[PDB]
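Trainee:
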Amino acid sequence: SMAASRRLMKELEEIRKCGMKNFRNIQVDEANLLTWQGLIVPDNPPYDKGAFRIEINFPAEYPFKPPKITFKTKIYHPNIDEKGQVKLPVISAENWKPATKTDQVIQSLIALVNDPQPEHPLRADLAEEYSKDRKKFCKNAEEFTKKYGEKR
Amino acid sequence: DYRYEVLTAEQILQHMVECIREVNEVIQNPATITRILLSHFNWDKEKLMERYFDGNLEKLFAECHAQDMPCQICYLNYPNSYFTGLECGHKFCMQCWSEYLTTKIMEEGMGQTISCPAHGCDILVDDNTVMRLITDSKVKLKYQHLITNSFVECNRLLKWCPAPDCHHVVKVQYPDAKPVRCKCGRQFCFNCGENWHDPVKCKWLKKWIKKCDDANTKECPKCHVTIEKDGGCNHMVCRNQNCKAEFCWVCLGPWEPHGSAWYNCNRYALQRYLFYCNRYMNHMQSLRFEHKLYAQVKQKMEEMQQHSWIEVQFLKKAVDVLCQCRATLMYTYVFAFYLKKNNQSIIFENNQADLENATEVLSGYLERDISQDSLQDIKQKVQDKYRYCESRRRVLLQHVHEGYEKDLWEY
Ligand SMILES: [Zn+2]
Ligand SMILES: [Zn+2]
Ligand SMILES: [Zn+2]
Ligand SMILES: [Zn+2]
Ligand SMILES: [Zn+2]
Ligand SMILES: [Zn+2]
């Protein structure tokens, strides 16, 4: 729980110093350091008309266990359920590598946002919509994004 | 007799390593890959050779599966001396290895190989350098367990001890569904692997664990004051001034028409399951509180020592009888739930009730009534009680077994 904070300290120092364009507005509780927040700003439609609140949650055993990203803003995406949990492969307990950086983890979340992977989804019905009728899904997700998004 | 032998995960590894290195001199692979190969072919050294030349190995192998820098996991700087690596050339501090390995060998997502901690790469860490980098023999044991599990599953005369941190194997001359005993103490059924379950057959227990996989407190029948259960005994006396009446916790009817020929609450299709599951689960929950009696009795056995260790033995025996009986009892409710009612079942149900009552009486003396009693009187009382509890239990099991010898039981 302490060694995590010590590492996140160095990670978080390198982030605010070099910058992340696609991931903005980083708020962390300095007592804890194990619970960040921020606002993703995607570049591709059907999400480039808005931004999304995520909360990262580093366990005590970080970096030997992965964090857990959950969206607080509602989103229409085959790989993120309604409660907010994301199925990001690089973060799962099977694939997680303790040398994987948080910046890489997040860049990878914006990969998923910008290119939905319907192959192993959380919303199975949204995955069908995406493949079988792209144009219509992109529009459904656009109006959900405009209705529940965040200012850039 | 039913002979068997207990081996440690250390010994059961030497067995495997020898079984490897007799294949590994023929095929000349590294020791760790041969293991994964042999595991994949269920330790048939033949169906491995009839594929390790037959086909192209690639399909086989596919079927089976900056120097003065800080450490890329912890970000601290050390002398190059402390950075170990794998064959990929990815290097990390010798503690991050130990921390990674260690947390990788704890249940959720373990297969039977661990790969390098680098981002991206999946070059496996060979068995022998896992042992070399992790320290504490507790963890080390677990790893041995995991790499040897295939080897022990594929062998029908070895089962692991079910106890969570014991990694020992029982080795038998034949499989039989008799009871074997680990040397950590744990007594289990060799055939099915679960805890010993005398009256019920293994099949019907499997069916009852799947079907059961998917109330802590309750209110007094008379005065309705919330009673949390603290102790396994079901003879509940009400902790109140208004109502000091007695009641069986399961059925919530009265004591003491319990322990008679007339009143029986142990005798009864999802309404039915709830009846039998309630009694099983209750007896199980009860058994946990029953185990924590080695404390309470040694407080009285210590207080009897000062007024020694010879006497302290009978109360342990008493608690060991009580636990075994509860355990039987638990399982007689599994056996009954699956039982087509027939001519023998009525006689069984009476024995079940005899054992149930004889348990509650022992269970409730060690929990309450011993301390409301003199010192010279309790050696006799407790002994007479557990000797009886033991007979009623032995009468019950004798009865079912007779029936099994003649196929009396239907389902
Ligand atoms: Zn390190
Ligand atoms: Zn590597
Ligand atoms: Zn054991
Ligand atoms: Zn069994
Ligand atoms: Zn009452
Ligand atoms: Zn009752």
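As you go down the protein sequences, you meet chains H and F in turn.
Residues in the first sequence are numbered consecutively from 945, following my numbering.
Residues in the second sequence are numbered consecutively from 908, following my numbering.
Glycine included, every Cβ here is placed at the ideal spot set by N, Cα and C.
In this structure, does DSSP put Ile1285(F) in helix, strand or coil?
Mentor: helix
Trainee: Counting beta carbon pairs with one atom in the region 1233-1252 of chain F and one in the region 1289-1304 of chain F, are three or more of them shorter than 8 Å?
Mentor: Enough Cβ pairs lie closer than 8 Å, so yes.
Trainee: Is the Cβ-Cβ distance between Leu1194(F) and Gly1139(F) less than 8 Å?
Mentor: yes
Trainee: Should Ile980(F) be counted as a contact of ligand 1 given a C-beta to heavy atom distance under 7 Å?
Mentor: yes
Trainee: Could you work out which residues of chain H lie near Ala1025(F), taking near to mean beta carbons separated by less than 7 Å?
Mentor: Neighbours of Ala1025(F) in chain H, taken as residues at a C-beta separation under 7 Å, are given in chain order as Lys1041, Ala1043.
Trainee: Report the rounded CA-to-CA distance for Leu1273(F) versus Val1107(F), giving the unit in angstroms.
Mentor: 28 Å
Trainee: For a test of the three-state rule: what should DSSP assign to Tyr1245(F), helix, strand or coil?
Mentor: coil
Trainee: Pick out whichever of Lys1286(F), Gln1283(F), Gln1279(F), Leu1262(F) has its Cα sitting closest to the Cα of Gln1305(F).
Mentor: Nearest to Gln1305(F) by alpha-carbon distance, out of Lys1286(F), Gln1283(F), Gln1279(F), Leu1262(F), is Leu1262(F).
Trainee: Starting from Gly1271(F), trace the alpha helix (DSSP H) both ways and give me its first and last residue.
Mentor: 1250-1271
Trainee: In or out: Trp950(F) buried (at least 16 other Cβ within 10 Å) or exposed?
Mentor: It counts as buried.
Trainee: For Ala1122(F), is the beta carbon positioned less than 7 Å from some heavy atom of ligand 7?
Mentor: In the structure on display, ligand 7 does not appear, and the ligands it does have are ligand 1, ligand 2, ligand 3, ligand 4, ligand 5 and ligand 6.
Trainee: Less than 8 Å between CB atoms is the rule here; does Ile943(F) satisfy it with respect to chain H?
Mentor: no
Trainee: Helix, strand or coil: how does DSSP classify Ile1000(H) here?
Mentor: coil
Trainee: Bridge partners for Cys1000(F) per DSSP, in chain order?
Mentor: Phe990(F)
Trainee: Just confirm the distance between the C-beta atoms of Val1228(F) and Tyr1293(F), as a whole number of angstroms; I'd bet it's less than 8 Å.
Mentor: Correct: roughly 4 Å between the Cβ atoms.
Trainee: Answer with buried or exposed for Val985(H), where buried requires no fewer than 16 other C-beta atoms within 10 angstroms of its C-beta.
Mentor: buried
Trainee: Can you tell me where the alpha helix (DSSP H) holding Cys1184(F) begins and where it ends?
Mentor: 1177-1198
Trainee: Check whether chain H comes within 8 Å of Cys1158(F), counting only Cβ atoms and requiring the distance to be less than that.
Mentor: no
Trainee: Would you kindly work out how many angstroms separate the C-alpha atoms of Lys1118(F) and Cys1109(F), rounded to a whole number?
Mentor: 14 Å
Trainee: If you follow the beta strand (DSSP E) that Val1076(F) is part of, which residue opens it and which one closes it?
Mentor: 1075-1079
Trainee: Would you say the beta carbon of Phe1008(H) comes nearer than 7 Å to a heavy atom of ligand 1?
Mentor: no
Trainee: Under the DSSP definition of a beta bridge, which residues are partnered with residue 1320(F)?
Mentor: The requested residue 1320(F) is not part of the displayed model; chain F covers only 908 to 1318.
Trainee: Please confirm whether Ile1116(F) has its beta-carbon closer than 8 Å to some beta-carbon of chain H.
Mentor: no
Trainee: Please report whether the beta-carbon of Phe967(H) lies at a distance below 8 Å from any beta-carbon of chain F.
Mentor: no
Trainee: Label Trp980(H) either buried or exposed according to how many other C-beta atoms from any shown protein chain fall within 10 Å of its C-beta, with 16 as the threshold for buried.
Mentor: buried
Trainee: Counting along the chain, where does the beta strand (DSSP E) carrying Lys993(H) start and finish?
Mentor: Taken as a continuous stretch (DSSP letters only), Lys993(H) belongs to no beta strand (DSSP E), as it is neither H nor E.
Trainee: Is any non-hydrogen atom of ligand 2 found closer than 7 Å to the C-beta of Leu993(F), if you look at the structure I gave you?
Mentor: Under cutoff, so the answer is yes.
Trainee: Looking at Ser1005(F): is its Cβ nearer than 8 Å to the Cβ of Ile1054(F)?
Mentor: no
Trainee: Check whether the Cβ of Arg951(H) lies closer than 8 Å to any Cβ atom in chain F.
Mentor: yes
Trainee: Just tell me which of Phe1095(F), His972(F), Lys998(F) has its CA closest to the CA of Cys978(F).
Mentor: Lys998(F)
Trainee: Does the beta carbon of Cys1003(F) come closer than 8 Å to any beta carbon on chain H?
Mentor: yes
Trainee: Are there any heavy atoms of ligand 1 lying less than 7 Å away from the beta-carbon of residue 1404(F), as far as the coordinates show?
Mentor: Within the shown structure, residues of chain F are numbered from 908 to 1318, placing residue 1404(F) beyond reach of any answer.
Trainee: For the candidate residues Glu1101(F), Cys1145(F), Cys1130(F), whose alpha-carbon lies nearest to that of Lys1136(F)?
Mentor: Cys1145(F)
Trainee: Is there a C-beta anywhere in chain H that falls below 8 Å from the one on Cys981(F)?
Mentor: At least one CB atom of chain H sits nearer than 8 Å to the CB of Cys981(F).
Trainee: On the three-pair Cβ rule with 8 Å, is the region 938-950 of chain F touching the region 914-929 of chain F?
Mentor: yes
Trainee: How would you label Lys1047(F), buried or exposed, when you count the other beta carbons within 10 angstroms and need 16 or more for buried?
Mentor: buried
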